[PDB]
Colleague: 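First the structure, then my questions, so here it is.
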Amino acid sequence: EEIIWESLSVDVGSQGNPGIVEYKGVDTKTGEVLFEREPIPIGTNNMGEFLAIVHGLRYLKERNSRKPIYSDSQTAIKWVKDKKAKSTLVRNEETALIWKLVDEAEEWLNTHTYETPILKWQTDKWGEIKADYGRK
RNA sequence: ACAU
DNA sequence: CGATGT
Ligand SMILES: [Cl-]
Ligand SMILES: [Cl-]
Ligand SMILES: [Cl-]
Ligand SMILES: [Li+]
Ligand SMILES: [Mg+2]
Ligand SMILES: [Mg+2]
């Protein structure tokens, strides 16, 4: 398995889980940050991974790009394939923002088409995904 | 068990 | 050590 360098890599980072969630997408080859979401006060790791992939799909579609997306999240790759994010996070006023984003991301997937391959980054062979946040 |  | 997920 060769890395597909002509691709977009996404990943989540957080302070607490559940906690403050952010995510970003980078050029897999150069590491250039192509988008980064403003921190969301309360969410889960998997919600952030999910939003990161969907944002990537929207980013590539808008730019007429056929590049694949790498994610390291087994969970979020499945959620995108299903068009359904099966998060356990409670719905309350503190989690309303992220739940609105998740609901809207599902809605986008149910109203648009894409051919973008969503690929599992093979961390065991390649090391950390290039969008990883690391340690604070 | 696997993945974050 | 615990949390989010299949
Ligand atoms: Cl978002
Ligand atoms: Cl997977
Ligand atoms: Cl591909
Ligand atoms: Li990740
Ligand atoms: Mg990471
Ligand atoms: Mg980390």
Side-chain angles (χ1 to χ4, degrees):
Chain A
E1 257 284 335
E2 262 249 304
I3 291 167
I4 300 171
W5 291 107
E6 194 172 306
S7 65
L8 172 72
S9 289
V10 304
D11 197 19
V12 72
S14 79
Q15 303 164 239
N17 183 32
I20 303 169
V21 170
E22 63 195 331
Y23 66 76
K24 69 184 191 263
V26 308
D27 183 303
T28 302
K29 177 174 34 202
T30 70
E32 186 187 359
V33 178
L34 299 177
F35 57 83
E36 182 158 38
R37 167 67 210 198
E38 171 184 297
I40 300 158
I42 303 180
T44 69
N45 64 328
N46 289 326
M47 291 166 116
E49 296 276 26
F50 174 77
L51 294 176
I53 296 172
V54 181
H55 193 80
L57 290 171
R58 297 179 72 164
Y59 178 93
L60 294 170
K61 184 176 186 74
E62 180 68 30
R63 290 162 180 76
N64 294 315
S65 178
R66 286 174 53 82
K67 289 173 178 181
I69 295 168
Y70 277 116
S71 168
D72 66 10
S73 176
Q74 184 178 101
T75 296
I77 292 169
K78 182 179 187 299
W79 286 359
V80 173
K81 179 187 182 191
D82 295 344
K83 306 184 184 284
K84 188 69 185 178
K86 293 195 56 180
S87 178
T88 72
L89 187 67
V90 64
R91 287 185 185 260
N92 61 35
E93 284 302 84
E94 288 184 351
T95 66
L97 173 43
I98 198 159
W99 265 118
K100 185 169 185 280
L101 294 173
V102 166
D103 292 341
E104 289 169 346
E106 295 175 343
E107 191 60 31
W108 188 90
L109 293 171
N110 287 310
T111 51
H112 297 77
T113 68
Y114 68 87
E115 303 201 347
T116 306
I118 299 164
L119 308 175
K120 177 67 176 65
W121 179 262
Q122 301 191 33
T123 304
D124 57 338
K125 297 172 186 170
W126 304 338
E128 305 254 313
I129 196 163
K130 304 311 189 184
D132 183 57
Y133 278 81
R135 232 187 190 189
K136 101 162 188 66

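Numbered from 1 within each chain, the chains take letters A, B, ... in sequence-line order. Values below: every heavy atom of this structure, side chains too, minus hydrogens, waters and symmetry copies.
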Colleague: If the threshold is 4.0 Å, N to carboxylate O, is there a salt bridge linking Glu62(A) and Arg58(A)?
Modeller: no
Colleague: Under 3.5 Å, side chain of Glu106(A) to main-chain N/O of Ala85(A), donor-acceptor pair present?
Modeller: yes
Colleague: Pick base, sugar-phosphate or nothing for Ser71(A), based on heavy-atom distances below 4.0 Å to the nucleic acid.
Modeller: nothing
Colleague: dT4(C) P sits how many Å from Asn46(A) CG, rounded?
Modeller: 9 Å
Colleague: With heavy atoms under 4.0 Å as the rule, sort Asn45(A) into base, sugar-phosphate or nothing.
Modeller: base
Colleague: Separation of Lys86(A) atom NZ from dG5(C) atom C1', in whole Å?
Modeller: 10 Å
Colleague: Could you tell me the separation between the CD atom of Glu49(A) and the P atom of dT4(C), rounded to a whole number of Å?
Modeller: 15 Å
Colleague: Is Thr88(A) near enough to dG5(C) that one of its side-chain N or O atoms lies under 4.0 angstrom from OP1 or OP2?
Modeller: yes
Colleague: Other than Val26(A), which residues form its hydrophobic cluster under the rule that side-chain heavy atoms must be closer than 4.5 Å?
Modeller: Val33(A)
Colleague: Considering only heavy atoms of chain A and a distance under 4.0 Å, specify the first and last nucleotide of RNA chain B in 5' to 3' order that meet this criterion.
Modeller: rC2(B) to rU4(B)
Colleague: Check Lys29(A) with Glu6(A), please: is the shortest side-chain N to carboxylate O separation under 4.0 Å?
Modeller: no
Colleague: In whole Å, I'd like the distance from the CD atom of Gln15(A) to the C1' atom of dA3(C).
Modeller: 16 Å
Colleague: What is the distance, rounded to the nearest whole Å, between atom OH of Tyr23(A) and atom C1' of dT4(C)?
Modeller: 18 Å
